[PDB]
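Undergrad: Encoded as structure tokens, here's the structure I'll be asking about.
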Amino acid sequence: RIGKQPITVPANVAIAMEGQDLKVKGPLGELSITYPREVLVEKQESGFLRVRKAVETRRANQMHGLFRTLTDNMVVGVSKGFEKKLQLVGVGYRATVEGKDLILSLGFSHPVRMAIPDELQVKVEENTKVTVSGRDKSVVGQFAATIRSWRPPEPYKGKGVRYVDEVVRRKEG
RNA sequence: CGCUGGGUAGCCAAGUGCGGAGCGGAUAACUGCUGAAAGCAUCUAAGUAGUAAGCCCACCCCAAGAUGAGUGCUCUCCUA
């Protein structure tokens with residue numbers, strides 16, 4: 001299952017294990033997550049962490065696999081980083097950068113002046129598609145959903161803000 | 001007011017001014033972000049984001065008999 005899998009820690013990724021807390025030190029940030037009340041972690045003198053249950057119960061079997069893949073997202077998050085590939089479908093849906101902010105002409109009256117945070121490096125390499133880059137997957141997903149929460153792709157319109165190779169329902173009439 | 005014609009100050013509107021503000025807080029329906037119990041998944045079981053004329057606060061007034069009777073400033077207790 002999920003919970004029995006060694007944490008693949010790559011090179012130049014320092015593991016810091018503290019009292020009820022994980023402090024990872026990757027080259028692209030230091031993510032910090034408090035341990036659950038029923039999960040105690042063990043290490044075998046290398047780049048392989050193993051979270052372990054502390055009590056025979058159901059909730060430790062919830063946060064065992066949950067906390068397992070969350071620490072996987074910690075180590076892979078601070079080592080390589082996660083990127084989302086949004087795409088503005090259609091004509092006039094242009095997206096560009098204002099230094100600290102990001103502006104989205106989406107067919108409204110005024111283009112949306114949505115502020116990117118400091119932890120995410122976004123890039124517009126072509127005027128439609130926007131690569132939201134970041135360390136942690138949850139912030140990339142929340143801000144990518146926040147940009148997505150203005151114009152979802154309508155089926156008859158066939159034209160909105162969708163991310164790459166995700167199947168979208170379309171209709172003929 | 002004998003019946004009429006006008007009218008100051010009052011009162012009144014039909015007249016004249018003003019109000020109904022909030023990237024303030026938490027939510028209901030819903031859309032989600034990572035995401036496990038069934039190595040696939042799923043808005044949730046951990047955490048968390050947008051958001052209702054609805055709830056609360058802010059808004060105007062009364063208001064410590066709020067007996068839980070508040071707080072602050074100031075005055076006065078003399079003669080045998």
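All residue names refer to the structure tokens as shown: chains lettered A, B, ... in order, residues numbered from 1 in each chain, ligands numbered from 1 in order.
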Considering only C-alpha atoms (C1' of nucleotides), give me a table of residues in chain B that are at most 12 Å from chain A, with the closest atom pair and distance in Å for each, as CSV.
TA:
```
residue,atom,partner,partner_atom,distance
B:23,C1',A:114,CA,11.5
B:31,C1',A:149,CA,7.9
B:32,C1',A:145,CA,6.9
B:33,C1',A:142,CA,4.6
B:34,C1',A:138,CA,4.6
B:35,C1',A:66,CA,6.3
B:36,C1',A:66,CA,4.5
B:37,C1',A:62,CA,6.1
B:38,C1',A:1,CA,9.4
B:39,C1',A:1,CA,4.3
B:40,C1',A:1,CA,11.9
B:44,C1',A:62,CA,11.1
B:45,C1',A:62,CA,6.8
B:46,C1',A:63,CA,6.6
B:47,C1',A:33,CA,10.5
B:48,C1',A:138,CA,9.0
B:49,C1',A:142,CA,6.5
B:50,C1',A:146,CA,7.6
B:51,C1',A:149,CA,11.5
```
Undergrad: In stretch 17-142 of chain A, what's strand (DSSP E or B) per DSSP? Answer as a PyMOL selection string?
TA: chain A and resi 17-18+21-26+29+32-34+39-43+48-53+82-88+94-98+101-105+112-115+120-123+129-134
Undergrad: Please determine, counting only C-alpha atoms, which residue among A:7, A:161, A:116, A:86 has the shortest atom-to-atom distance to residue A:51.
TA: A:7
Undergrad: Would you pick out the contacts of residue B:58 at 10 Å or less, using only C-alpha atoms (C1' of nucleotides), so that residues sharing its chain but fewer than 4 positions from it are not included, and give the list as a list in words?
TA: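 Answer for this query is residues 21, 22 and 24 of chain B.
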Undergrad: With a distance cut-off of 12 Å and only C-alpha atoms (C1' of nucleotides), select the neighbouring residues of stretch 17-19 of chain B, excluding the residue or stretch itself and same-chain residues fewer than 2 positions from it, and output the selection as a PDB file with N, CA and C atoms (P, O5', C5', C4', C3', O3' and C1' of nucleotides), in the first residue's frame.
TA:
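To be explicit, this is the file written out as selection-v9.pdb:
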```
ATOM      1  P     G B  15     -43.011  66.428  -3.535  1.00  0.00           P
ATOM      2  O5'   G B  15     -42.446  67.742  -2.833  1.00  0.00           O
ATOM      3  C5'   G B  15     -42.475  68.995  -3.500  1.00  0.00           C
ATOM      4  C4'   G B  15     -41.804  70.071  -2.684  1.00  0.00           C
ATOM      5  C3'   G B  15     -40.365  69.806  -2.286  1.00  0.00           C
ATOM      6  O3'   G B  15     -39.446  70.063  -3.331  1.00  0.00           O
ATOM      7  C1'   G B  15     -41.556  70.596  -0.413  1.00  0.00           C
ATOM      8  P     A B  21     -25.038  49.981   0.997  1.00  0.00           P
ATOM      9  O5'   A B  21     -24.009  51.116   1.435  1.00  0.00           O
ATOM     10  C5'   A B  21     -22.917  51.499   0.612  1.00  0.00           C
ATOM     11  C4'   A B  21     -21.640  51.548   1.412  1.00  0.00           C
ATOM     12  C3'   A B  21     -20.942  50.210   1.591  1.00  0.00           C
ATOM     13  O3'   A B  21     -20.088  49.884   0.510  1.00  0.00           O
ATOM     14  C1'   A B  21     -21.199  51.246   3.701  1.00  0.00           C
ATOM     15  P     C B  59     -19.682  51.547  14.443  1.00  0.00           P
ATOM     16  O5'   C B  59     -20.742  51.639  13.258  1.00  0.00           O
ATOM     17  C5'   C B  59     -20.488  52.423  12.101  1.00  0.00           C
ATOM     18  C4'   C B  59     -21.759  52.705  11.343  1.00  0.00           C
ATOM     19  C3'   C B  59     -22.845  53.416  12.131  1.00  0.00           C
ATOM     20  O3'   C B  59     -22.655  54.820  12.164  1.00  0.00           O
ATOM     21  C1'   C B  59     -23.779  51.571  10.973  1.00  0.00           C
ATOM     22  P     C B  60     -22.488  55.584  13.566  1.00  0.00           P
ATOM     23  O5'   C B  60     -23.979  55.949  13.978  1.00  0.00           O
ATOM     24  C5'   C B  60     -24.742  56.853  13.194  1.00  0.00           C
ATOM     25  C4'   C B  60     -26.157  56.948  13.691  1.00  0.00           C
ATOM     26  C3'   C B  60     -26.331  56.896  15.199  1.00  0.00           C
ATOM     27  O3'   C B  60     -26.098  58.134  15.844  1.00  0.00           O
ATOM     28  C1'   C B  60     -27.843  55.397  14.188  1.00  0.00           C
TER      29        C B  60
END
```
Undergrad: By how many Å are atom CA of residue A:153 and atom CA of residue A:168 apart?
TA: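 Result for atom CA of residue A:153 versus atom CA of residue A:168: 7.4 Å, one decimal.
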Undergrad: So, counting only C-alpha atoms, which residue among A:133, A:165, A:171, A:154 is closest to residue A:80?
TA: A:133
Undergrad: Could you please determine the separation between atom CA of residue A:20 and atom CA of residue A:34 in Å, to one decimal place?
TA: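 Separation between atom CA of residue A:20 and atom CA of residue A:34: 5.8 Å.
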Undergrad: Going by DSSP on the backbone, which bits of stretch 3-173 of chain A are helix (DSSP H, G or I)? Write them as a PDB file with C-alpha atoms, in the first residue's frame, please.
TA:
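And here's out.pdb as it stands now:
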```
ATOM      1  CA  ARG A  58      -8.122   3.312  12.241  1.00  0.00           C
ATOM      2  CA  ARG A  59      -7.045   6.973  12.360  1.00  0.00           C
ATOM      3  CA  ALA A  60      -3.377   5.943  12.363  1.00  0.00           C
ATOM      4  CA  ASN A  61      -4.191   3.955   9.220  1.00  0.00           C
ATOM      5  CA  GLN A  62      -5.660   7.167   7.783  1.00  0.00           C
ATOM      6  CA  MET A  63      -2.724   9.454   8.587  1.00  0.00           C
ATOM      7  CA  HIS A  64      -0.222   6.646   7.977  1.00  0.00           C
ATOM      8  CA  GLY A  65      -0.708   6.660   4.213  1.00  0.00           C
ATOM      9  CA  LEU A  66      -1.760  10.328   4.299  1.00  0.00           C
ATOM     10  CA  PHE A  67       1.349  11.413   6.194  1.00  0.00           C
ATOM     11  CA  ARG A  68       3.478   9.017   4.115  1.00  0.00           C
ATOM     12  CA  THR A  69       2.616  10.661   0.809  1.00  0.00           C
ATOM     13  CA  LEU A  70       2.636  14.117   2.422  1.00  0.00           C
ATOM     14  CA  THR A  71       6.257  13.588   3.473  1.00  0.00           C
ATOM     15  CA  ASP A  72       6.842  12.286  -0.060  1.00  0.00           C
ATOM     16  CA  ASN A  73       5.501  15.647  -1.246  1.00  0.00           C
ATOM     17  CA  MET A  74       7.832  17.333   1.260  1.00  0.00           C
ATOM     18  CA  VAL A  75      11.016  15.683  -0.016  1.00  0.00           C
ATOM     19  CA  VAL A  76      10.073  15.744  -3.708  1.00  0.00           C
ATOM     20  CA  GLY A  77       8.662  19.235  -3.118  1.00  0.00           C
ATOM     21  CA  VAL A  78      11.872  20.749  -1.762  1.00  0.00           C
ATOM     22  CA  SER A  79      14.181  18.702  -4.017  1.00  0.00           C
ATOM     23  CA  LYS A 137       2.238  20.942  -4.430  1.00  0.00           C
ATOM     24  CA  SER A 138      -0.641  22.309  -2.333  1.00  0.00           C
ATOM     25  CA  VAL A 139       0.194  25.979  -2.941  1.00  0.00           C
ATOM     26  CA  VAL A 140       0.624  25.336  -6.688  1.00  0.00           C
ATOM     27  CA  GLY A 141      -2.727  23.543  -6.717  1.00  0.00           C
ATOM     28  CA  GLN A 142      -4.543  26.210  -4.703  1.00  0.00           C
ATOM     29  CA  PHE A 143      -3.243  29.121  -6.773  1.00  0.00           C
ATOM     30  CA  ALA A 144      -3.724  27.152 -10.001  1.00  0.00           C
ATOM     31  CA  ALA A 145      -7.306  26.469  -8.936  1.00  0.00           C
ATOM     32  CA  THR A 146      -7.620  30.162  -8.031  1.00  0.00           C
ATOM     33  CA  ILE A 147      -6.634  31.178 -11.570  1.00  0.00           C
ATOM     34  CA  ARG A 148      -8.914  28.362 -12.787  1.00  0.00           C
TER      35      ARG A 148
END
```
Undergrad: Would you mind reading off the distance between atom CA of residue A:107 and atom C1' of residue B:52, one decimal, in Å?
TA: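 Atom-to-atom, atom CA of residue A:107 and atom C1' of residue B:52 are spaced 25.0 Å apart.
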Undergrad: Restricting the calculation to only C-alpha atoms, which member of A:92, A:10, A:81, A:111 is positioned closest to residue A:150?
TA: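 Smallest separation from residue A:150 among the options: A:111.
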Undergrad: Can you tell me which residues surround residue A:11 at a distance of at most 10 Å, considering only C-alpha atoms (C1' of nucleotides), apart from same-chain residues fewer than 4 positions away, and format the answer as a PyMOL selection string?
TA: chain A and resi 26-27+47+79
